[PDB]
Amino acid sequence: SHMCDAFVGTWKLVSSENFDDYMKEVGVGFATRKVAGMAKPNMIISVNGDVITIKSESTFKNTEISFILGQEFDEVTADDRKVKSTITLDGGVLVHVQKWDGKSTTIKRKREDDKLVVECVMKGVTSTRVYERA
Ligand SMILES: O=C(O)CCn1nnc(-c2cc(Cl)cc(Cl)c2)n1
């Protein structure tokens with residue numbers, strides 16, 4: 001109850017740093033990187049009971065995940081990886097781990113001031129994506 005209150009809402013991407021390099025490290029191909037990197041998605045976060053839903057709506061590829069914290073699920077990513085995901089809350093940060101093909105990437109979502117800051121890590125490469133309220 002009230003676990004993700006400050007995440008709930010509709011958010012719009014306003015800045016990105018190092019996302020191309022993050023995608024390269026993940027293994028995303030050229031054409032997907034170029035088109036995906038243009039997108040300015042809206043991220044829509046909602047909670048109903050124990051179920052959290054995160055939607056991403058963009059000109060590249062709409063996605064939607066629903067999950068319970070700590071409970072692994074199947075996810076098809078925007079770049080079409082078939083991953084096994086687990087999302088937990090760690091000290092007020094949503095921590096999303098994706099596993100596929102013996103690889104792993106972690107996406108952290110945090111509230112900072114009036115922004116939602118998304119940090120994506122693959123090995124030594126980090127990308128920071130900043131969202132504001134839509
Ligand atoms: O939500 C955000 O801004 C960042 C979290 N995030 N959402 N989508 C992706 C993504 C998309 C593509 Cl096409 C490739 C790869 Cl490796 C990751 N990462």
# chains A, B, ... in the order shown; residues from 1 in each chain; ligands from 1
$ residues_near_ligand --ligand "ligand 1" --cutoff "6 Å" --atoms "only C-alpha atoms and all ligand atoms" --output "PyMOL selection string"
chain A and resi 23+26+36+78-79+118+129
$ residues_around --residues "residue 37 in chain A" --least-positions-apart "4" --cutoff "10 Å" --atoms "only C-alpha atoms" --output "PDB file with N, CA, C and O atoms, in the first residue's frame"
ATOM      1  N   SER A  16      18.549  12.502 -22.590  1.00  0.00           N
ATOM      2  CA  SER A  16      19.187  11.226 -22.601  1.00  0.00           C
ATOM      3  C   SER A  16      20.687  11.437 -22.742  1.00  0.00           C
ATOM      4  O   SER A  16      21.129  12.337 -23.462  1.00  0.00           O
ATOM      5  N   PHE A  19      22.844   6.806 -24.347  1.00  0.00           N
ATOM      6  CA  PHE A  19      21.936   5.709 -24.640  1.00  0.00           C
ATOM      7  C   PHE A  19      22.399   4.890 -25.818  1.00  0.00           C
ATOM      8  O   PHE A  19      22.232   3.657 -25.835  1.00  0.00           O
ATOM      9  N   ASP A  20      22.993   5.517 -26.832  1.00  0.00           N
ATOM     10  CA  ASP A  20      23.515   4.738 -27.980  1.00  0.00           C
ATOM     11  C   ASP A  20      24.580   3.751 -27.525  1.00  0.00           C
ATOM     12  O   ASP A  20      24.569   2.593 -27.908  1.00  0.00           O
ATOM     13  N   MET A  23      22.973   0.863 -25.648  1.00  0.00           N
ATOM     14  CA  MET A  23      22.386  -0.067 -26.596  1.00  0.00           C
ATOM     15  C   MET A  23      23.449  -0.882 -27.310  1.00  0.00           C
ATOM     16  O   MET A  23      23.294  -2.091 -27.524  1.00  0.00           O
ATOM     17  N   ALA A  31      20.332  -0.195 -37.065  1.00  0.00           N
ATOM     18  CA  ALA A  31      19.095   0.482 -37.453  1.00  0.00           C
ATOM     19  C   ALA A  31      18.179   0.703 -36.273  1.00  0.00           C
ATOM     20  O   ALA A  31      17.594   1.779 -36.121  1.00  0.00           O
ATOM     21  N   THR A  32      18.074  -0.313 -35.404  1.00  0.00           N
ATOM     22  CA  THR A  32      17.269  -0.142 -34.181  1.00  0.00           C
ATOM     23  C   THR A  32      17.871   0.948 -33.310  1.00  0.00           C
ATOM     24  O   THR A  32      17.106   1.748 -32.751  1.00  0.00           O
ATOM     25  N   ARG A  33      19.182   0.986 -33.150  1.00  0.00           N
ATOM     26  CA  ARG A  33      19.746   2.039 -32.323  1.00  0.00           C
ATOM     27  C   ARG A  33      19.375   3.415 -32.849  1.00  0.00           C
ATOM     28  O   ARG A  33      19.056   4.333 -32.062  1.00  0.00           O
ATOM     29  N   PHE A  60       8.633   4.712 -31.673  1.00  0.00           N
ATOM     30  CA  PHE A  60       9.387   3.544 -32.057  1.00  0.00           C
ATOM     31  C   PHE A  60       8.607   2.270 -31.740  1.00  0.00           C
ATOM     32  O   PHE A  60       8.248   1.506 -32.600  1.00  0.00           O
TER      33      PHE A  60
END
$ residues_around --residues "residue 8 in chain A" --least-positions-apart "4" --cutoff "12 Å" --atoms "only C-alpha atoms" --output "ChimeraX atom specification"
/A:2-4,43-48,52-55,109-111,115-116,133-134
$ write_last_selection --atoms "N, CA and C atoms" --output "PDB file, in the first residue's frame"
ATOM      1  N   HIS A   2       0.694   2.047  -1.053  1.00  0.00           N
ATOM      2  CA  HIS A   2       1.363   3.349  -1.263  1.00  0.00           C
ATOM      3  C   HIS A   2       2.817   3.263  -1.645  1.00  0.00           C
ATOM      4  N   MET A   3       3.248   2.030  -1.969  1.00  0.00           N
ATOM      5  CA  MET A   3       4.693   1.666  -2.185  1.00  0.00           C
ATOM      6  C   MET A   3       5.422   2.434  -3.284  1.00  0.00           C
ATOM      7  N   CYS A   4       4.719   2.710  -4.342  1.00  0.00           N
ATOM      8  CA  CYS A   4       5.291   3.434  -5.424  1.00  0.00           C
ATOM      9  C   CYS A   4       4.565   4.721  -5.693  1.00  0.00           C
ATOM     10  N   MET A  43       6.237   7.508 -20.446  1.00  0.00           N
ATOM     11  CA  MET A  43       6.228   6.383 -19.534  1.00  0.00           C
ATOM     12  C   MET A  43       5.051   6.582 -18.588  1.00  0.00           C
ATOM     13  N   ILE A  44       4.157   5.607 -18.523  1.00  0.00           N
ATOM     14  CA  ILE A  44       2.938   5.692 -17.724  1.00  0.00           C
ATOM     15  C   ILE A  44       3.000   4.615 -16.678  1.00  0.00           C
ATOM     16  N   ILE A  45       3.048   5.031 -15.406  1.00  0.00           N
ATOM     17  CA  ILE A  45       3.205   4.130 -14.297  1.00  0.00           C
ATOM     18  C   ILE A  45       1.939   4.156 -13.457  1.00  0.00           C
ATOM     19  N   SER A  46       1.401   2.994 -13.132  1.00  0.00           N
ATOM     20  CA  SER A  46       0.219   2.894 -12.300  1.00  0.00           C
ATOM     21  C   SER A  46       0.318   1.687 -11.398  1.00  0.00           C
ATOM     22  N   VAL A  47      -0.451   1.703 -10.327  1.00  0.00           N
ATOM     23  CA  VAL A  47      -0.443   0.638  -9.334  1.00  0.00           C
ATOM     24  C   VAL A  47      -1.892   0.293  -9.040  1.00  0.00           C
ATOM     25  N   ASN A  48      -2.186  -0.994  -8.968  1.00  0.00           N
ATOM     26  CA  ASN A  48      -3.502  -1.485  -8.579  1.00  0.00           C
ATOM     27  C   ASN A  48      -3.248  -2.673  -7.651  1.00  0.00           C
ATOM     28  N   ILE A  52       2.044  -3.542 -10.279  1.00  0.00           N
ATOM     29  CA  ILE A  52       2.574  -2.315 -10.867  1.00  0.00           C
ATOM     30  C   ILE A  52       2.568  -2.499 -12.374  1.00  0.00           C
ATOM     31  N   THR A  53       2.117  -1.473 -13.111  1.00  0.00           N
ATOM     32  CA  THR A  53       2.174  -1.481 -14.565  1.00  0.00           C
ATOM     33  C   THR A  53       3.011  -0.297 -15.018  1.00  0.00           C
ATOM     34  N   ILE A  54       3.972  -0.571 -15.929  1.00  0.00           N
ATOM     35  CA  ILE A  54       4.790   0.439 -16.576  1.00  0.00           C
ATOM     36  C   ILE A  54       4.582   0.300 -18.072  1.00  0.00           C
ATOM     37  N   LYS A  55       4.002   1.321 -18.693  1.00  0.00           N
ATOM     38  CA  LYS A  55       3.856   1.379 -20.122  1.00  0.00           C
ATOM     39  C   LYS A  55       4.837   2.393 -20.696  1.00  0.00           C
ATOM     40  N   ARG A 109      15.070   3.099 -11.574  1.00  0.00           N
ATOM     41  CA  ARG A 109      14.149   4.231 -11.718  1.00  0.00           C
ATOM     42  C   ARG A 109      14.033   4.877 -10.335  1.00  0.00           C
ATOM     43  N   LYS A 110      14.282   6.190 -10.259  1.00  0.00           N
ATOM     44  CA  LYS A 110      14.324   6.911  -8.990  1.00  0.00           C
ATOM     45  C   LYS A 110      13.596   8.248  -9.194  1.00  0.00           C
ATOM     46  N   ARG A 111      12.960   8.716  -8.130  1.00  0.00           N
ATOM     47  CA  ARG A 111      12.412  10.066  -8.107  1.00  0.00           C
ATOM     48  C   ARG A 111      13.452  10.983  -7.555  1.00  0.00           C
ATOM     49  N   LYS A 115      11.607  15.075 -11.112  1.00  0.00           N
ATOM     50  CA  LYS A 115      11.952  14.212 -12.226  1.00  0.00           C
ATOM     51  C   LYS A 115      11.915  12.740 -11.804  1.00  0.00           C
ATOM     52  N   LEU A 116      11.801  11.896 -12.823  1.00  0.00           N
ATOM     53  CA  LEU A 116      12.004  10.508 -12.717  1.00  0.00           C
ATOM     54  C   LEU A 116      13.276  10.202 -13.518  1.00  0.00           C
ATOM     55  N   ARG A 133       7.127  15.252 -15.570  1.00  0.00           N
ATOM     56  CA  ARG A 133       5.717  14.998 -15.621  1.00  0.00           C
ATOM     57  C   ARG A 133       5.157  15.530 -16.929  1.00  0.00           C
ATOM     58  N   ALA A 134       4.274  14.756 -17.532  1.00  0.00           N
ATOM     59  CA  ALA A 134       3.691  15.104 -18.832  1.00  0.00           C
ATOM     60  C   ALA A 134       2.620  16.125 -18.638  1.00  0.00           C
TER      61      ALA A 134
END
$ residues_around --residues "range 66-77 of chain A" --least-positions-apart "6" --cutoff "9 Å" --atoms "only C-alpha atoms" --output "number ranges by chain"
A: 50-55, 83-89, 98
$ write_last_selection --atoms "N, CA and C atoms" --output "compact mmCIF listing (two decimals), in the first residue's frame"
# COMPACT_ATOMS: atom_id res chain seq x y z
N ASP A 50 -1.20 -4.98 -5.51
CA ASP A 50 0.21 -5.33 -5.57
C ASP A 50 0.77 -5.26 -6.97
N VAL A 51 -0.05 -4.98 -7.99
CA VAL A 51 0.39 -5.04 -9.35
C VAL A 51 0.79 -3.66 -9.82
N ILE A 52 2.04 -3.54 -10.28
CA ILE A 52 2.57 -2.32 -10.87
C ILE A 52 2.57 -2.50 -12.37
N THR A 53 2.12 -1.47 -13.11
CA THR A 53 2.17 -1.48 -14.56
C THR A 53 3.01 -0.30 -15.02
N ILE A 54 3.97 -0.57 -15.93
CA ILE A 54 4.79 0.44 -16.58
C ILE A 54 4.58 0.30 -18.07
N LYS A 55 4.00 1.32 -18.69
CA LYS A 55 3.86 1.38 -20.12
C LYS A 55 4.84 2.39 -20.70
N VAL A 83 13.43 -11.61 -22.43
CA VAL A 83 14.20 -11.60 -21.21
C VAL A 83 13.32 -12.11 -20.04
N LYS A 84 14.02 -12.52 -19.00
CA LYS A 84 13.40 -12.82 -17.72
C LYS A 84 13.75 -11.68 -16.76
N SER A 85 12.71 -11.02 -16.25
CA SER A 85 12.85 -9.78 -15.49
C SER A 85 12.39 -9.97 -14.07
N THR A 86 13.09 -9.30 -13.14
CA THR A 86 12.64 -9.18 -11.78
C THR A 86 12.83 -7.77 -11.34
N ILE A 87 11.79 -7.18 -10.74
CA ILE A 87 11.80 -5.79 -10.28
C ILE A 87 11.56 -5.78 -8.78
N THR A 88 12.42 -5.08 -8.06
CA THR A 88 12.33 -4.93 -6.62
C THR A 88 12.43 -3.45 -6.27
N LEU A 89 12.07 -3.12 -5.04
CA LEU A 89 12.27 -1.79 -4.48
C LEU A 89 13.51 -1.89 -3.52
N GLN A 98 17.12 -7.57 -16.03
CA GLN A 98 16.74 -8.37 -17.20
C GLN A 98 17.85 -9.37 -17.51
$ residues_around --residues "residue 13 in chain A" --least-positions-apart "3" --cutoff "7 Å" --atoms "only C-alpha atoms" --output "number ranges by chain"
A: 40-42, 130-132
$ write_last_selection --atoms "N, CA and C atoms" --output "tab-separated table (two decimals), in the first residue's frame"
chain	number	residue	atom	x	y	z
A	40	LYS	N	11.06	9.92	-28.07
A	40	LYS	CA	10.80	10.66	-26.84
A	40	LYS	C	9.58	10.04	-26.17
A	41	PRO	N	9.77	8.90	-25.53
A	41	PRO	CA	8.63	8.16	-25.03
A	41	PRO	C	7.92	8.84	-23.88
A	42	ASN	N	6.66	8.47	-23.76
A	42	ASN	CA	5.98	8.70	-22.49
A	42	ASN	C	5.93	7.41	-21.72
A	130	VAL	N	16.21	11.09	-18.36
A	130	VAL	CA	15.47	11.93	-17.42
A	130	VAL	C	14.09	12.19	-17.97
A	131	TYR	N	13.08	11.94	-17.15
A	131	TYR	CA	11.68	12.15	-17.45
A	131	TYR	C	11.10	13.25	-16.56
A	132	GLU	N	10.20	14.05	-17.11
A	132	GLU	CA	9.42	15.03	-16.35
A	132	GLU	C	7.96	14.70	-16.46
$ atom_distance --atom1 "CA of residue 95 in chain A" --atom2 "CA of residue 107 in chain A"
6.0 Å
$ select_by_dssp --residues "chain A" --states "strand (DSSP E or B)" --output "PyMOL selection string"
chain A and resi 9-17+42-48+51-57+63-67+73-76+82-90+93-100+103-112+115-122+125-133
$ select_by_dssp --residues "range 17-108 of chain A" --states "helix (DSSP H, G or I)" --output "list in words"
residues 19, 20, 21, 22, 23, 24, 25, 26, 30, 31, 32, 33, 34, 35, 36, 37 and 38 of chain A
$ write_last_selection --atoms "N, CA, C and O atoms" --output "mmCIF file, in the first residue's frame"
data_model
loop_
_atom_site.group_PDB
_atom_site.id
_atom_site.type_symbol
_atom_site.label_atom_id
_atom_site.label_comp_id
_atom_site.auth_asym_id
_atom_site.auth_seq_id
_atom_site.Cartn_x
_atom_site.Cartn_y
_atom_site.Cartn_z
ATOM 1 N N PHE A 19 22.844 6.806 -24.347
ATOM 2 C CA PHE A 19 21.936 5.709 -24.640
ATOM 3 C C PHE A 19 22.399 4.890 -25.818
ATOM 4 O O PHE A 19 22.232 3.657 -25.835
ATOM 5 N N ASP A 20 22.993 5.517 -26.832
ATOM 6 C CA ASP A 20 23.515 4.738 -27.980
ATOM 7 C C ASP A 20 24.580 3.751 -27.525
ATOM 8 O O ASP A 20 24.569 2.593 -27.908
ATOM 9 N N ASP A 21 25.511 4.209 -26.677
ATOM 10 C CA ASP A 21 26.570 3.338 -26.180
ATOM 11 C C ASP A 21 26.006 2.219 -25.291
ATOM 12 O O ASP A 21 26.489 1.107 -25.369
ATOM 13 N N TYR A 22 24.999 2.524 -24.479
ATOM 14 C CA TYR A 22 24.338 1.487 -23.715
ATOM 15 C C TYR A 22 23.722 0.428 -24.634
ATOM 16 O O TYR A 22 23.926 -0.766 -24.443
ATOM 17 N N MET A 23 22.973 0.863 -25.648
ATOM 18 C CA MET A 23 22.386 -0.067 -26.596
ATOM 19 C C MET A 23 23.449 -0.882 -27.310
ATOM 20 O O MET A 23 23.294 -2.091 -27.524
ATOM 21 N N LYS A 24 24.576 -0.259 -27.697
ATOM 22 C CA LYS A 24 25.661 -1.008 -28.322
ATOM 23 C C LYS A 24 26.156 -2.096 -27.391
ATOM 24 O O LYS A 24 26.384 -3.224 -27.839
ATOM 25 N N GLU A 25 26.338 -1.764 -26.115
ATOM 26 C CA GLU A 25 26.841 -2.731 -25.150
ATOM 27 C C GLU A 25 25.865 -3.899 -24.959
ATOM 28 O O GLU A 25 26.308 -5.035 -24.760
ATOM 29 N N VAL A 26 24.569 -3.634 -25.001
ATOM 30 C CA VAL A 26 23.546 -4.636 -24.926
ATOM 31 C C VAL A 26 23.550 -5.564 -26.134
ATOM 32 O O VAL A 26 23.194 -6.732 -26.000
ATOM 33 N N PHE A 30 22.469 -1.544 -35.579
ATOM 34 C CA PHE A 30 22.542 -0.178 -36.026
ATOM 35 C C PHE A 30 21.165 0.445 -36.251
ATOM 36 O O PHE A 30 20.897 1.537 -35.722
ATOM 37 N N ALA A 31 20.332 -0.195 -37.065
ATOM 38 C CA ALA A 31 19.095 0.482 -37.453
ATOM 39 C C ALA A 31 18.179 0.703 -36.273
ATOM 40 O O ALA A 31 17.594 1.779 -36.121
ATOM 41 N N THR A 32 18.074 -0.313 -35.404
ATOM 42 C CA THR A 32 17.269 -0.142 -34.181
ATOM 43 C C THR A 32 17.871 0.948 -33.310
ATOM 44 O O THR A 32 17.106 1.748 -32.751
ATOM 45 N N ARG A 33 19.182 0.986 -33.150
ATOM 46 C CA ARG A 33 19.746 2.039 -32.323
ATOM 47 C C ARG A 33 19.375 3.415 -32.849
ATOM 48 O O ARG A 33 19.056 4.333 -32.062
ATOM 49 N N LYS A 34 19.480 3.623 -34.153
ATOM 50 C CA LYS A 34 19.215 4.947 -34.693
ATOM 51 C C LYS A 34 17.785 5.358 -34.515
ATOM 52 O O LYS A 34 17.475 6.502 -34.102
ATOM 53 N N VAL A 35 16.842 4.486 -34.831
ATOM 54 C CA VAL A 35 15.430 4.833 -34.724
ATOM 55 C C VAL A 35 14.984 4.893 -33.283
ATOM 56 O O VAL A 35 14.240 5.793 -32.878
ATOM 57 N N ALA A 36 15.422 3.975 -32.470
ATOM 58 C CA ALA A 36 15.062 3.994 -31.062
ATOM 59 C C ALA A 36 15.636 5.210 -30.372
ATOM 60 O O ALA A 36 15.012 5.760 -29.450
ATOM 61 N N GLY A 37 16.830 5.634 -30.750
ATOM 62 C CA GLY A 37 17.426 6.759 -30.100
ATOM 63 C C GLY A 37 16.728 8.088 -30.361
ATOM 64 O O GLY A 37 16.864 8.990 -29.542
ATOM 65 N N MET A 38 15.970 8.192 -31.456
ATOM 66 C CA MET A 38 15.167 9.404 -31.709
ATOM 67 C C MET A 38 13.972 9.555 -30.783
ATOM 68 O O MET A 38 13.447 10.655 -30.584
#
$ closest_residue --among "A:9, A:102, A:56, A:96" --to "residue 121 in chain A" --atoms "only C-alpha atoms"
A:96
$ residues_around --residues "residue 119 in chain A" --least-positions-apart "3" --cutoff "6 Å" --atoms "only C-alpha atoms" --output "ChimeraX atom specification"
/A:107-108,127-128
$ closest_residue --among "A:106, A:91, A:7, A:15" --to "residue 125 in chain A" --atoms "only C-alpha atoms"
A:106
$ atom_distance --atom1 "CA of residue 122 in chain A" --atom2 "CA of residue 90 in chain A"
19.0 Å
